[PDB]
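*Asks:* Got a structure here, written out as structure tokens. Questions coming.
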Amino acid sequence: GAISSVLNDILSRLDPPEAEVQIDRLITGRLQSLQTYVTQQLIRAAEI
Amino acid sequence: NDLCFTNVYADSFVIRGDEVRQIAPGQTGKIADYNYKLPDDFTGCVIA
């Protein structure tokens, strides 16, 4: 949902008071993707 | 009326209606950028 996936390009064009809102969406999205990877690895390790 | 505070400061000055709206967090312009700048987490009220 952010205007662009490259963090440096958005931070270089938007003012701080509004850039913090756009960055928060990328932080939240990438952190949730990382949690999914770790969870599937814990189950797969139990099978081996 | 219920809260208590450590200290209170009154900053008093004269401005003109044009751009007077710029006294607010995260605003841009000649006054906000070169004359008087409020922090992003300012907690209080502006009276005119």
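Residue numbering restarts at 1 in every chain; chains get A, B, ... in the order shown in the structure tokens, and ligands count up from 1 in that same order.
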So that I can check the secondary structure, give me every residue of chain A assigned helix (DSSP H, G or I) by backbone DSSP, as JSON, numbers by chain.

*Replies:* {"A": [7, 8, 9, 10, 11, 16, 17, 18, 19, 20, 21, 22, 23, 24, 25, 26, 27, 28, 29, 30, 31, 32, 33, 34, 35, 36, 37, 38, 39, 40, 41, 42, 43, 44, 45, 46, 47]}

*Asks:* Just the selected residues (C-alpha atoms), exported as a JSON list (two decimals), in the first residue's frame, please.

*Replies:*
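In the end it all went to out11.json:
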```
[["chain", "number", "residue", "atom", "x", "y", "z"],
["A", 7, "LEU", "CA", 12.49, 3.25, 1.20],
["A", 8, "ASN", "CA", 15.13, 5.80, 0.15],
["A", 9, "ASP", "CA", 13.05, 7.21, -2.73],
["A", 10, "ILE", "CA", 10.00, 7.97, -0.57],
["A", 11, "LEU", "CA", 12.03, 9.40, 2.32],
["A", 16, "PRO", "CA", 8.91, 14.02, 7.84],
["A", 17, "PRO", "CA", 5.40, 14.65, 9.24],
["A", 18, "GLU", "CA", 3.88, 12.56, 6.44],
["A", 19, "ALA", "CA", 6.80, 10.24, 5.60],
["A", 20, "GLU", "CA", 6.49, 8.58, 9.02],
["A", 21, "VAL", "CA", 2.97, 7.43, 8.12],
["A", 22, "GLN", "CA", 4.06, 5.92, 4.79],
["A", 23, "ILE", "CA", 7.13, 4.22, 6.28],
["A", 24, "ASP", "CA", 5.06, 2.63, 9.06],
["A", 25, "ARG", "CA", 3.15, 0.65, 6.42],
["A", 26, "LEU", "CA", 6.36, -0.85, 5.00],
["A", 27, "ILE", "CA", 7.74, -1.67, 8.46],
["A", 28, "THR", "CA", 4.53, -3.46, 9.46],
["A", 29, "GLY", "CA", 4.29, -5.37, 6.18],
["A", 30, "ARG", "CA", 7.87, -6.68, 6.18],
["A", 31, "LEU", "CA", 7.79, -7.69, 9.85],
["A", 32, "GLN", "CA", 4.67, -9.82, 9.35],
["A", 33, "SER", "CA", 6.25, -11.59, 6.36],
["A", 34, "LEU", "CA", 9.31, -12.50, 8.47],
["A", 35, "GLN", "CA", 7.15, -14.05, 11.21],
["A", 36, "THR", "CA", 5.44, -16.36, 8.70],
["A", 37, "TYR", "CA", 8.77, -17.73, 7.42],
["A", 38, "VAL", "CA", 10.00, -18.55, 10.94],
["A", 39, "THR", "CA", 6.76, -20.32, 11.94],
["A", 40, "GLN", "CA", 6.76, -22.70, 8.96],
["A", 41, "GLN", "CA", 10.40, -23.58, 9.67],
["A", 42, "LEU", "CA", 9.58, -24.64, 13.25],
["A", 43, "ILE", "CA", 6.99, -27.17, 12.05],
["A", 44, "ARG", "CA", 9.20, -28.49, 9.23],
["A", 45, "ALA", "CA", 12.10, -29.00, 11.65],
["A", 46, "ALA", "CA", 9.89, -31.20, 13.85],
["A", 47, "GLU", "CA", 9.20, -33.55, 10.92]]
```

*Asks:* Counting only C-alpha atoms, which residues of chain B come no farther than 10 Å from chain A, as a PDB file with N, CA and C atoms, in the first residue's frame?

*Replies:*
```
ATOM      1  N   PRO B  25       1.998  21.936  14.533  1.00  0.00           N
ATOM      2  CA  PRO B  25       3.027  20.921  14.289  1.00  0.00           C
ATOM      3  C   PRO B  25       3.075  20.512  12.824  1.00  0.00           C
ATOM      4  N   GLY B  26       4.292  20.371  12.309  1.00  0.00           N
ATOM      5  CA  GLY B  26       4.486  19.901  10.947  1.00  0.00           C
ATOM      6  C   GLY B  26       3.975  20.799   9.839  1.00  0.00           C
ATOM      7  N   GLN B  27       4.124  22.111   9.989  1.00  0.00           N
ATOM      8  CA  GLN B  27       3.709  23.068   8.976  1.00  0.00           C
ATOM      9  C   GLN B  27       4.944  23.684   8.328  1.00  0.00           C
ATOM     10  N   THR B  28       4.789  24.128   7.083  1.00  0.00           N
ATOM     11  CA  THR B  28       5.871  24.735   6.324  1.00  0.00           C
ATOM     12  C   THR B  28       5.550  26.180   5.960  1.00  0.00           C
ATOM     13  N   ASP B  40       7.531  18.246  16.934  1.00  0.00           N
ATOM     14  CA  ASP B  40       6.526  17.327  16.411  1.00  0.00           C
ATOM     15  C   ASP B  40       5.580  16.820  17.494  1.00  0.00           C
TER      16      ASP B  40
END
```

*Asks:* Which residues, written as an MDAnalysis selection string, have at least one atom at most 10 Å from residue 36 of chain B, with only C-alpha atoms counted and residues fewer than 3 positions away on the same chain left out?

*Replies:* chainID B and resid 22:23 30:33

*Asks:* What does the structure give for the distance between atom CA of residue 12 of chain B and atom CA of residue 47 of chain B, in Å to one decimal?

*Replies:*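 Separation of atom CA of residue 12 of chain B and atom CA of residue 47 of chain B: 10.0 Å.
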
*Asks:* I need the residue nearest residue 46 of chain B from this list: B:11, B:19, B:29, B:4. Use only C-alpha atoms for the distance.

*Replies:*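 The answer is B:11, which sits nearest to residue 46 of chain B.
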